[PDB]
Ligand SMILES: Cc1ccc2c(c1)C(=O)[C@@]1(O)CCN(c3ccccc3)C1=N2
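Below you will find one chain, with nothing else, as structure tokens; this is the form solved without the named molecule, and questions on how it binds or moves follow later.
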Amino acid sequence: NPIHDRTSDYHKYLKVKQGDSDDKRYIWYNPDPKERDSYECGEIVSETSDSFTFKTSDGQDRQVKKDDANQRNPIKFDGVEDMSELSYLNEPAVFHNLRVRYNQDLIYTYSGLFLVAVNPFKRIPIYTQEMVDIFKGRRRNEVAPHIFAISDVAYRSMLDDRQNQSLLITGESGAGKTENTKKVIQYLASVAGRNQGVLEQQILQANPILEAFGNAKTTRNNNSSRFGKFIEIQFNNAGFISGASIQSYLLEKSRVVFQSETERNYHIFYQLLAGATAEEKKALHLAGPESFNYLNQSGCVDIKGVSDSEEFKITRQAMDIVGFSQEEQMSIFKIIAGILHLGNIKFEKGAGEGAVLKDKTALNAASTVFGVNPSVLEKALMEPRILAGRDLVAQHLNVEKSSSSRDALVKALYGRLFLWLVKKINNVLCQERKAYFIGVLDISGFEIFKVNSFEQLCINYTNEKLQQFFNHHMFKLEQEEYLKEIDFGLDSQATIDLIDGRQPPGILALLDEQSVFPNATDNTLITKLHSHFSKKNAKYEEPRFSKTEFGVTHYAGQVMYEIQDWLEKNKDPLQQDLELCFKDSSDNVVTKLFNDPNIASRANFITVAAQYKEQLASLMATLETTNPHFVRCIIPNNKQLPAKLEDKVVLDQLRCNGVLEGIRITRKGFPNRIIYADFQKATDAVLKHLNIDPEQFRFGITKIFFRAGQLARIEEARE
């Protein structure tokens, strides 16, 4: 028994070591108030009903107020598995426990409802079959923190409550959302699939494929997910996997035509370029990424510790497993290839405010591979017909404009293709006969970058709703766990409203209004916003100086956004003639992408914001029907290094994500101040022996709710 077997890897890697043997007061102080996050521990030389006085590291005293005191929990608490047990809940205290664990390579910790996960940035052998095996049917409290644990508890709850389940895994980029997501899947595939089982493999083989097309190297992660996802794992009434469905969100289509220095475009481009046969290449009029605009710009065409070649095998291999037809494949690759050619096209001004395509090279390559007609692509690109009254005139675009349309084309295609891959995969995996499901959400948390644009507002709106769901969930519990004699998600409402309100109209509604609109510009747009909200809506901020930015007070703080391009982004335009050109494609796949309203169109067309709000609401509607579980993935630093947990990087995250918030209530909100077993009837004996004060202690029903007080003096007592 590994749980019992202290030699087991289980014990080693998942537990704080058991050294079986069977008067002071510290604080976390900051030797630099300018460094709110760089504490030190100091001893309290004494108190005063009003304050505390300790001893700096230097051993040269200072003195704060009790009510300002970041008291250090007793050392015995150092490494506890759930922050719900700490006496002292305060930032540094919290950090300190995470740290102590992280230092022992214990990346998982609970904080009440939350599973906190700190990326280790190195391999930790804990996702082995043996490891799976150990987690089966065990309660959270019976085994070490782990993503398998949460996964198991959701699976049991599902079988026991006959209720759908959900797992919400969020956090910043490179924090390990995706890692944890796969493990959830893996564990589920193991504990509930076929042993002595094809659907499972298929279900598994779907992630590699989506990753090839939707992930990429960024400066924060070598395999960034450039789309959000919701994985519905489907079970029959017996508790075995019947199927699966994937919902994707906000693919970063722009990355196809532009990548920052050092980053890469999507994986697949490289894999394709480096994995194709000497024969498909030329067949594909292919060449090296060096020779490709969309791949020659960032200075990076490689990922260290990565073989595009080998990875291409997989993708392919996976394609076969799921079921893509060889031709479907080729076609899928033709698109990629196609896309590459288009990036190669070069518009020059050949006479006067008009682009000319002097070199028909790249054009031919694109077309040929797209199975479209060189002549109309061209005309669709450089001279699209534009409706101007009754009039449908062909319009000659300059060079700039011509390129952007070309880019718009590249993006729809990429975007469209992804859309298709997802459906096609669903076709193969999906079951609406399902009894139940366990859904896993893998998407970024709040995002505050150097520059925040329309995409960040969306992500942050979602986060705003996810956090209110958490808060509400959390009050339900309390409320219900009180069948006897403070709604928290009400607090997220104003922000939510500012963004999505209808009347008065919020940011999105104003944006939509402007997108139809005649006098349509980024400047009219930003003016309307301040006009409606500056000094008028408490969650809004008009900048002292920028004329192109605005601030929203989000849950996790203010985020300044920039409006450049919102109108275009909201409309996501694509020249219809261009729609026309492709509509008539030789390719069977290309045709779908342009002929299938379900693919080639948004839902009388709605805008991007409108589509986003909707898919957000649908998502939430779904969640509301589940028993949710919460996973907060934490990045330990910004260097992609193990062993380096920087205070500041960490505390920021615990404030944004709501572990910290969620916690502080965990002071008042003292359920988990239930030491059913403690140092029941003599459990007042003790209180009566040490004669502690009534109303710091609490008698539940054999259960409990003790005091985050004497409790933290009530342990290193000599008796």
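Start at 1 and count along the sequence shown; that's the residue number.
Deposited sequence between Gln196 and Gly197: 4 to 9 residues lack coordinates. Per-stretch averaging of Cα B factors for 133-141 and 181-189 places 133-141 on top. Of the two stretches examined, 288-296 and 346-354, the record assigns the greater average C-alpha temperature factor to 346-354.
Reading the B-factor column for the CA atoms of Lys528, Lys613, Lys484, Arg101 in the entry, the top value corresponds to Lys484. Considering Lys644, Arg264, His146, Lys122 together, the PDB entry gives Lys644 the largest C-alpha B factor.
Ranked against the other modelled residues of its chain, the C-alpha B-factor of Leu477 as given in the entry falls in the highest third.
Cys41: CA B factor in the middle third of modelled residues in this chain (values from the PDB entry). Ranked by C-alpha B-factor against the other modelled residues of its chain, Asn90 falls in the middle third.
The PDB entry assigns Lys539 a C-alpha temperature factor belonging to the lowest third of its chain's modelled residues.
Among all modelled residues in this chain, the alpha-carbon of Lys17 has a temperature factor (C-alpha) in the middle third.
Form solved in complex with the named molecule: not shown, discussed below.
Transferring the named molecule from its position in the deposited bound form by superimposing the surrounding C-alpha atoms places at least three ligand atoms within 2.4 angstroms of backbone or C-beta atoms of the displayed chain; the site is blocked. No residue in the set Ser166, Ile246 and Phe437 has a non-hydrogen atom no more than 4.5 Å from the named molecule in the deposited bound form. In the deposited bound form, no heavy atom of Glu280 sits within 4.5 Å of the named molecule. Shown alone here, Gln615 lies within 4.5 Å of the named molecule in the deposited bound form, counting heavy atoms only. Under a 4.5 angstroms non-hydrogen atom cutoff, the named molecule in the deposited bound form lacks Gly338 among its neighbouring residues. Using a 4.5 angstroms limit between non-hydrogen atoms, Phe488 is distant from the named molecule in the deposited bound form.
Looking at 441-449, 580-588, 367-375, 320-328, the stretch with residues near the named molecule in the deposited bound form, meaning non-hydrogen atoms within 4.5 angstroms, turns out to be 441-449. In terms of contact with the named molecule in the deposited bound form, the residue from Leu159, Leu89, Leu250, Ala276 that brings a heavy atom within 4.5 Å is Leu250. Site annotation in the deposited bound form: the residue of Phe475, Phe227, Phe312, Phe469 reaching within 4.5 Å of the named molecule with a heavy atom is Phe227.
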